[PDB]
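Each of the two blocks below gives one form of the same protein chain as structure tokens; they are labelled structure 1 and structure 2.
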Structure 1
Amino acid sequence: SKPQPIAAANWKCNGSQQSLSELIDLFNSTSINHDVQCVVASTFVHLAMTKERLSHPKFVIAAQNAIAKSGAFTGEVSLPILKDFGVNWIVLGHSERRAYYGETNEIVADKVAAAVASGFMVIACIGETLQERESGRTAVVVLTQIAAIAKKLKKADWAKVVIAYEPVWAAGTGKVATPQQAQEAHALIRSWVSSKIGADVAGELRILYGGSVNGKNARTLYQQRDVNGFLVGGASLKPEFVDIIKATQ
């Protein structure tokens, strides 16, 4: 059987206290009858209200970024501060932070290693841009990204790691990933993990699809062998997210 699935909401830099409370109320009233870990990654500001008001036992809260240590880093939030706040999940290496906020493969890898060392479950993001895919460089780009992460982990650390594959090449470019394309990318990742880390690790690793997913297409995506759930963007701010959760049966 496939490993336990994950349905993660990446709210990105969005939400009002009122609009997000509506979503949390919906989640609290949702019947989830199978084993799936649901994750709500809100902005730092909204963690207080999500921690307080989420009552559904299958949900955990998550941060969308951090730096490794507390200190003289005005504007940033550290892993120790998040752990003290009760936050045990984190999304790291998102394509938007790789593109906009200076996160090289090695900076992402050090953040993931610090987060694992600090007791987080880590959703580590990798994926290639349209420039990189159109020039036939999916494999070099994606394997280089996960290899950089792997160099700062030991085998036992992968129990705390989740990989999200972002098809950045299909992000607002009008291009679209088929489920077969997503499976092929996930299969590439799992093959590397099996060979470099171990077949035992690869067998239980969650690889989440981080492309455009909605209530309509989620079930078809999840039926691919190497898809273990989702890191959802825009649909995670919509009632639609419930359908993405139930699609991981």
Structure 2
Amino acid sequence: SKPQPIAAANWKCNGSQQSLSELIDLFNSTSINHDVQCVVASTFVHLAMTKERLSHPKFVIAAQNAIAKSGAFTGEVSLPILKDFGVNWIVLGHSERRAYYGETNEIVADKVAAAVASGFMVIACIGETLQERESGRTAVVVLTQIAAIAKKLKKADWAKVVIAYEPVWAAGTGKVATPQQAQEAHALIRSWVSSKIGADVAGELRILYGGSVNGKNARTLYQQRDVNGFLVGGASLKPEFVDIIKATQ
């Protein structure tokens, strides 16, 4: 059957000390009855107030990005800094960083591999653009992305790896992927992992969907076979995120 579902919150570059406090207080008041790993990925700045205020036992804290090593990299944050700060989860290879901030398939693969070695739980992001999908290159783009990541990983590493399939055309556009569209892609990814790494890993691997997930469409999306949770953007800054957590059965 399905492995433990994951309800990850990608706040991206948003939030004030007051606004995020209210969300955290709400998350702390929420009664979650089923086995699901809730994840809050705030900015580096808000990591401190989140570490202190978030007390719900099913919630963990993540960073939204990092680099491999500490050193002469002004503006950046490294994995050892995050590990020293008590952060054990991290989102890597998001479409916004692939597009805006020059993170190729290999650069993402190196970051994921370096995070796994450091002991991080990694939410690795893959997905095609509207341009790539219409040109019939969804499969060759997504599989190439995860293949690059897989190339720098050992079989034992995948226990600390979570794939977040996020079609760029669904990223905060309102154009949520059809339950079949999400299922068909997740099935393809899981099929690839089963053939190249192992059927056991593919069974344990958790493939999340990201792309305009909200309280209305979450339940029917998770009802699909190869959907193991969500990476939520816009709706994670709202009380609506609770419904998405509940939508993980």
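All residue numbers here refer to structure 1's sequence, counted from 1. Shifts are known only where both forms have a C-alpha. Whichever C-alpha set is largest while still superposing within 1.5 Å between the two forms counts as the rigid core.
Per-residue Cα shift between structures 1 and 2 after core alignment stays below 2 Å for all of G136, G174, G102, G75 except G174.
Once the rigid core is matched between structures 1 and 2, the CA atom of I24 is found 0.1 Å away.
Shifted stretches between structures 1 and 2, defined as 3+ consecutive common residues each with a CA displacement of 2 angstroms or more after rigid core fitting, are limited to 169-176.
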